[PDB]
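Okay, so here's just one chain, in structure tokens, the form deposited without this ligand.
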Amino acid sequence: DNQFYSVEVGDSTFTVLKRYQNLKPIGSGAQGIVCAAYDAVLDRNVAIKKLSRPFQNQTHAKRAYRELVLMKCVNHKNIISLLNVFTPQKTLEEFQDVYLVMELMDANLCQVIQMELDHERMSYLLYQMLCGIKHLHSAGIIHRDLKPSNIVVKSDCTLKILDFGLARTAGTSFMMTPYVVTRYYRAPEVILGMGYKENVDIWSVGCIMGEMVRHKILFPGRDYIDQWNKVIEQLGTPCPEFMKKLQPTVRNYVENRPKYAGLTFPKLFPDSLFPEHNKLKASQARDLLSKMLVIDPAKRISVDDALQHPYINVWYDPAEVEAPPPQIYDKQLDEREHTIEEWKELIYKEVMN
């Protein structure tokens, strides 16, 4: 194809730029296929994600375009970024395929979970997580679906976040990975249907940090009813001021619950699971967990405050924390509608950009 070349990836074809060689499958939808590749120009490994049937239906087309627009609002090192987007077709008439090039990491948090870890590597990872999360929130993007499989890391302890504002899925994480369900890490206000805000991802991070320490999922609910039980059996029944905010019927069910008493955070996370001067850290860490793993969103720690926390504060770098997003996501897009062909163009222009 003059500037492109075909390569057979399973039952699928990848027509990519010549600069990308040694293509090989590492994940698979459903909604797309991801290949690890070598970028000759950059001398650097990349992840090439080919969207599957972005023009199949009006819904797919909206997702394809929306995904492009989302990664436009982001310019942070702790978040996955679009290294390149392209199509092997020459005109809008025959345009049908879209390819997304992203940085290729070595791992996701799941493979970190089982590792022993110390305070400097743990607190650093969390710091990056909070840095990437703040950037998203600044761009007007609240993740909500933060889980160890959509958080990727490299061997040099660098961290990036995947799948912000994507359905599950839809996104990149579902198609590959040691996969994990999002149910375990969703905040109370989400699962209880109360609506949410920025610090909904603070809960998520809380669940992730708890798993890093205990090397086991904190709230493995068989379903959302069981999920709620797991949460309250360990953290206790939330104050009345919280429950009054619930919807009528659900409020009663949750008020119908057996009043469980919360285990103390030193009990949930005994120093046994922790590692001397570096025992002040175990205090610092456990404390932080008591602010993130809060049921009431009003009584939960903010992203900003979490950055200021002694266990995290050691890493504070204003360049890493205050880096503004290139653009803010206009939510008035979600309610916009177009035909498949109209969507096809908006996407096409974005690619040729």
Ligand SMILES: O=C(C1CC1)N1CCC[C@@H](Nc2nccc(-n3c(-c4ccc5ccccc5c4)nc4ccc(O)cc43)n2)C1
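The first residue of the shown sequence is 1; numbering continues from there. Between two forms, the rigid core is defined as the largest C-alpha subset superposing within 1.5 Å.
- Coordinates for residue 29 are present in every one of the other compared entries of this protein that model residues on both sides of it, well short of the third needed to count it as often missing.
- In every other compared PDB entry of this protein that covers both flanking sides, residue 204 is modelled, so it falls short of the one-third threshold for missing coordinates.
- Counting the deposited residues that fall between residue 275 and residue 276 and carry no coordinates gives a value of 1 to 3.
- The mean Cα B-factor in the deposited entry runs higher for 109 to 117 than for the other of 109 to 117 and 191 to 199.
- Across the two stretches, 17 to 25 and 329 to 337, the PDB entry reports the greater mean Cα temperature factor for 329 to 337.
- The top Cα temperature factor in the record, among 88, 140, 206, 165, falls on 165.
- Set against one another, the Cα B-factors of 210, 132, 148, 258 in the record reach their highest point at 258.
- Ranked within its chain, residue 67 lands in the lowest third, by CA B factor from the PDB record.
- When the CA B factors of the chain's modelled residues are split into thirds, the value for residue 218 lands in the middle one.
- Among the modelled residues of its chain, residue 172 has a C-alpha B-factor that falls in the highest third according to the deposited record.
- The entry lists a Cα temperature factor for residue 281 that places it in the highest third of the chain's modelled residues.
- In the PDB entry, residue 127 places in the lowest third of its chain by CA B-factor.
Beyond what is shown, the protein has a form solved in complex with this ligand; the following relates to that form.
- Taking the pose of this ligand in the deposited complex and superimposing the nearby C-alphas onto this chain, the site is blocked, with at least three ligand atoms within 2.4 Å of backbone or C-beta atoms.
- Proximity to this ligand in the deposited complex, defined as a heavy atom within 4.5 Å, holds among 149, 234, 87, 237 only for 149.
- 105 is the sole member of 176, 74, 142, 105 with a non-hydrogen atom within 4.5 Å of this ligand in the deposited complex.
- In the deposited complex, this ligand sits within 4.5 Å of a heavy atom of residue 111.
- By the criterion of a heavy atom within 4.5 Å, residue 80 is counted among the residues contacting this ligand in the deposited complex.
- Put simply, residue 26 is close to this ligand in the deposited complex: some heavy atom of it is within 4.5 Å.
- In the deposited complex, none of the heavy atoms of residue 122 sits within 4.5 Å of a heavy atom of this ligand.
- Stretch-level contact check against this ligand in the deposited complex with heavy atoms at 4.5 Å: of 198 to 206, 93 to 101, 263 to 271, 278 to 286, the positive one is 93 to 101.
- Within 4.5 Å of this ligand in the deposited complex, a heavy atom is found for every one of 34, 47 and 162.
- Large C-alpha shift between this form and the one not shown, rigid core held fixed: of 236, 220, 178, 266, this applies to 178 alone, with a displacement of 2 Å or more.
- A movement of the C-alpha atom of residue 85 reaching 2 angstroms or beyond is seen between this form and the one not shown when the two forms are aligned on their rigid core.
- Relative to the superposed core, residue 211 shifts its CA atom by less than 2 Å between this form and the one not shown.
- Fitting the two forms on the rigid core leaves the C-alpha of residue 27 displaced by at least 2 angstroms between this form and the one not shown.
- Distance between the C-alpha atoms of residue 149 and residue 10: shorter in the deposited complex than here (change of 3 Å or more).
- In the deposited complex, the CA atoms of residue 31 and residue 151 come closer by at least 3 angstroms compared with the shown structure.
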